[PDB]
>>> print(open('data-v3.cif').read())   # mmCIF, C-alpha atoms and all ligand atoms
data_work
loop_
_atom_site.label_atom_id
_atom_site.label_comp_id
_atom_site.auth_asym_id
_atom_site.auth_seq_id
_atom_site.Cartn_x
_atom_site.Cartn_y
_atom_site.Cartn_z
CA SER F 7 0.82 2.48 -10.27
CA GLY F 8 -1.84 3.97 -7.93
CA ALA F 9 -2.18 6.24 -4.87
CA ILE F 10 -4.43 7.16 -1.80
CA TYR F 11 -5.69 10.75 -1.73
CA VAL F 12 -7.00 11.79 1.71
CA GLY F 13 -7.19 15.47 2.72
CA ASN F 14 -3.95 17.28 1.92
CA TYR F 15 -2.07 13.90 1.62
CA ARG F 16 -1.05 11.46 -1.13
CA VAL F 17 0.08 7.97 0.03
CA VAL F 18 2.16 6.10 -2.57
CA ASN F 19 4.54 3.09 -2.76
CA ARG F 20 7.91 4.41 -1.61
CA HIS F 21 9.67 2.65 -4.51
CA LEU F 22 7.31 4.35 -7.01
CA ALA F 23 7.56 7.89 -5.49
CA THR F 24 8.19 10.76 -8.02
CA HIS F 25 10.50 13.89 -7.68
CA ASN F 26 7.54 15.99 -6.47
CA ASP F 27 6.64 13.43 -3.77
CA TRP F 28 10.16 13.94 -2.31
CA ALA F 29 10.19 17.74 -2.87
CA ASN F 30 6.92 17.80 -0.74
CA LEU F 31 7.75 14.85 1.64
CA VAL F 32 5.71 14.51 4.91
CA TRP F 33 6.80 11.02 6.11
CA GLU F 34 8.48 7.98 4.50
CA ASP F 35 9.35 4.45 5.82
CA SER F 36 11.44 2.21 3.50
CA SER F 37 10.71 -0.79 5.81
CA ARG F 38 6.95 -0.38 5.09
CA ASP F 39 7.51 0.73 1.42
CA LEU F 40 5.34 3.86 2.17
CA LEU F 41 5.88 7.52 1.33
CA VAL F 42 3.36 10.24 2.06
CA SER F 43 3.55 13.67 0.33
CA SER F 44 1.55 16.92 0.56
CA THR F 45 -1.01 18.08 -2.07
CA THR F 46 -2.54 21.42 -3.18
CA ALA F 47 -6.06 19.95 -3.62
CA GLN F 48 -8.29 18.22 -1.04
CA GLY F 49 -8.56 14.37 -1.30
CA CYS F 50 -11.74 12.40 -0.59
CA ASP F 51 -10.75 8.75 0.10
CA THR F 52 -11.96 7.41 3.46
CA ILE F 53 -9.37 5.43 5.46
CA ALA F 54 -10.67 2.46 7.46
CA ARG F 55 -9.94 2.18 11.20
CA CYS F 56 -10.57 -1.56 11.89
CA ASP F 57 -9.11 -5.13 12.22
CA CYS F 58 -10.84 -6.49 9.08
CA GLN F 59 -9.41 -9.60 7.42
CA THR F 60 -11.62 -9.64 4.26
CA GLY F 61 -11.89 -7.07 1.51
CA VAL F 62 -11.57 -6.34 -2.26
CA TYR F 63 -8.46 -5.16 -4.17
CA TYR F 64 -7.91 -3.73 -7.67
CA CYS F 65 -5.63 -5.74 -10.05
CA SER F 66 -4.56 -3.58 -13.01
CA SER F 67 -2.82 -6.52 -14.77
CA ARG F 68 -6.34 -8.11 -15.04
CA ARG F 69 -8.48 -4.86 -15.05
CA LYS F 70 -10.44 -6.52 -12.25
CA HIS F 71 -11.39 -6.17 -8.59
CA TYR F 72 -11.03 -9.37 -6.52
CA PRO F 73 -12.36 -10.36 -3.08
CA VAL F 74 -9.63 -11.65 -0.63
CA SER F 75 -9.08 -12.93 2.91
CA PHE F 76 -5.90 -11.36 4.20
CA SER F 77 -3.50 -11.72 7.13
CA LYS F 78 -3.01 -9.31 10.05
CA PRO F 79 -0.13 -6.78 9.57
CA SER F 80 3.31 -8.26 10.32
CA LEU F 81 7.05 -8.51 9.40
CA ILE F 82 7.40 -10.70 6.30
CA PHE F 83 10.64 -11.41 4.37
CA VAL F 84 10.78 -9.90 0.83
CA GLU F 85 13.43 -11.00 -1.66
CA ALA F 86 15.99 -8.57 -3.09
CA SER F 87 14.77 -6.22 -5.90
CA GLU F 88 16.10 -3.19 -7.89
CA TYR F 89 14.56 -0.98 -5.16
CA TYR F 90 15.60 -2.73 -1.93
CA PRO F 91 17.99 -5.47 -0.72
CA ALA F 92 16.66 -8.75 0.87
CA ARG F 93 14.80 -7.62 4.06
CA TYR F 94 11.73 -7.99 6.35
CA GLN F 95 9.01 -5.52 5.29
CA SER F 96 6.88 -4.43 8.29
CA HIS F 97 3.05 -3.81 8.40
CA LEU F 98 2.52 -6.26 5.50
CA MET F 99 -0.63 -8.38 4.85
CA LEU F 100 -0.78 -11.46 2.57
CA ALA F 101 -3.69 -12.94 0.53
CA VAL F 102 -4.06 -15.67 -2.13
CA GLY F 103 -4.46 -13.80 -5.41
CA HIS F 104 -2.86 -12.69 -8.62
CA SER F 105 -0.39 -9.77 -8.84
CA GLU F 106 2.41 -8.57 -11.20
CA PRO F 107 5.01 -5.72 -10.63
CA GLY F 108 2.81 -3.06 -12.27
CA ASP F 109 0.08 -3.93 -9.75
CA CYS F 110 1.69 -1.97 -6.87
CA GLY F 111 -0.54 0.94 -5.87
CA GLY F 112 -3.90 -0.82 -6.33
CA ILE F 113 -6.20 -0.17 -3.40
CA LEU F 114 -7.44 -2.80 -0.88
CA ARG F 115 -10.87 -1.81 0.57
CA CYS F 116 -13.36 -3.22 3.12
CA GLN F 117 -16.82 -1.90 4.28
CA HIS F 118 -14.93 0.66 6.49
CA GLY F 119 -12.93 2.09 3.57
CA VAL F 120 -9.27 2.05 2.43
CA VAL F 121 -7.15 -0.60 4.22
CA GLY F 122 -3.93 -0.33 2.18
CA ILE F 123 -2.26 -0.66 -1.26
CA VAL F 124 -0.56 -3.56 -3.26
CA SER F 125 3.16 -3.63 -2.43
CA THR F 126 4.52 -7.19 -2.99
CA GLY F 127 3.47 -10.49 -4.69
CA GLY F 128 4.36 -13.62 -6.66
CA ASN F 129 3.68 -17.42 -6.68
CA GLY F 130 -0.10 -16.91 -6.47
CA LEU F 131 0.19 -14.50 -3.49
CA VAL F 132 -0.33 -10.70 -3.03
CA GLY F 133 1.03 -8.42 -0.28
CA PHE F 134 -0.56 -5.15 0.87
CA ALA F 135 1.07 -2.35 2.86
CA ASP F 136 -1.40 -1.48 5.68
CA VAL F 137 -2.33 2.21 6.41
CA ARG F 138 -5.11 1.81 9.06
CA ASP F 139 -2.65 2.62 11.86
CA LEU F 140 -1.60 6.00 10.37
CA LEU F 141 -4.19 7.96 12.44
CA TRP F 142 -2.57 11.31 11.48
CA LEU F 143 -3.76 10.94 7.87
CA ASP F 144 -7.24 12.11 9.14
CA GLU F 145 -6.21 15.15 11.25
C1 LIG L 201 9.19 -9.21 -8.66
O1 LIG L 201 8.42 -9.95 -7.72
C2 LIG L 201 7.06 -9.85 -7.81
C3 LIG L 201 6.25 -10.77 -8.46
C4 LIG L 201 4.89 -10.54 -8.56
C5 LIG L 201 4.33 -9.40 -8.03
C6 LIG L 201 5.12 -8.47 -7.38
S1 LIG L 201 4.42 -7.00 -6.69
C7 LIG L 201 5.34 -5.70 -7.46
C8 LIG L 201 6.50 -8.69 -7.26
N1 LIG L 201 7.33 -7.72 -6.60
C9 LIG L 201 7.66 -7.67 -5.30
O2 LIG L 201 7.13 -8.36 -4.46
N2 LIG L 201 8.64 -6.78 -4.99
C10 LIG L 201 9.19 -5.93 -6.05
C11 LIG L 201 8.68 -4.51 -5.92
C12 LIG L 201 8.96 -3.97 -4.52
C13 LIG L 201 8.45 -4.91 -3.44
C14 LIG L 201 8.83 -4.42 -2.06
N3 LIG L 201 7.83 -4.26 -1.21
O3 LIG L 201 10.01 -4.20 -1.76
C15 LIG L 201 8.99 -6.33 -3.65
ZN ZN L 202 -12.84 -2.80 7.91
#
>>> encode(input="data-v3.cif", output="structure tokens", more="lines below")
Ligand SMILES: COc1cccc(SC)c1NC(=O)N1CCC[C@H](C(N)=O)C1
Ligand SMILES: [Zn+2]
Amino acid sequence: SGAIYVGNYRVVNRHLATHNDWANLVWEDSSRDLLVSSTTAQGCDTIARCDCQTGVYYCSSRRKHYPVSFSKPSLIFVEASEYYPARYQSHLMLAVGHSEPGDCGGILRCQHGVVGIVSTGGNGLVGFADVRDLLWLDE
């Protein structure tokens, strides 16, 4: 669990989206595992606009923040799950680090702000769905 709250938007994992996220849908992309919904209150998270490859993420299965080097956003194959069939997920970044299924939603940050959120993992790896390209989140 976990979300990004910026202005009148809430960015969540598409597979974890609630009824209210769909009843107030702005944009959703199953290939990126992202869903953005509208909010009644103003959010205050700052989104980063950069090409950073180092940052810190929150791991709820360890109650700990961890520093990571991560890859540039790209198409990476993700094995079949109860949410999606076997496919390439786009705009995905990998790092060496611990993650478990309940870790989706944890924020990845750098000195410029919010980079993305935990979306995939396993075998000593962790995947993050990038949001730095969604320039509309700020306007
Ligand atoms: C069950 O495999 C894992 C093992 C450790 C950590 C994790 S992060 C939950 C996972 N989960 C995944 O990578 N999945 C399942 C959840 C949806 C993900 C997607 N982007 O389609 C793919
Ligand atoms: Zn940055």
>>> closest_residue(input="data-v3.cif", among="F:116, F:124, F:82, F:101", to="residue 8 (chain F)", atoms="only C-alpha atoms")
F:124
>>> residues_near_ligand(input="data-v3.cif", ligand="ligand LIG 201 (chain L)", cutoff="8 Å", atoms="only C-alpha atoms and all ligand atoms", output="PyMOL selection string")
chain F and resi 21+38-39+84-90+95+104-110+124-129+131-133
>>> closest_residue(input="data-v3.cif", among="F:141, F:22, F:29, F:121", to="ligand ZN 202 (chain L)", atoms="all atoms listed in the file")
F:121
>>> residues_near_ligand(input="data-v3.cif", ligand="ligand ZN 202 (chain L)", cutoff="10 Å", atoms="all atoms listed in the file", output="PyMOL selection string")
chain F and resi 53-61+115-121+138
>>> atom_distance(input="data-v3.cif", atom1="CA of residue 135 (chain F)", atom2="CA of residue 41 (chain F)")
11.1 Å
>>> residues_around(input="data-v3.cif", residues="residue 145 (chain F)", least_positions_apart="6", cutoff="12 Å", atoms="all atoms listed in the file", output="list in words")
residues 12, 13, 14, 15 and 53 of chain F
>>> closest_residue(input="data-v3.cif", among="F:42, F:31, F:140, F:47", to="residue 18 (chain F)", atoms="only C-alpha atoms")
F:42
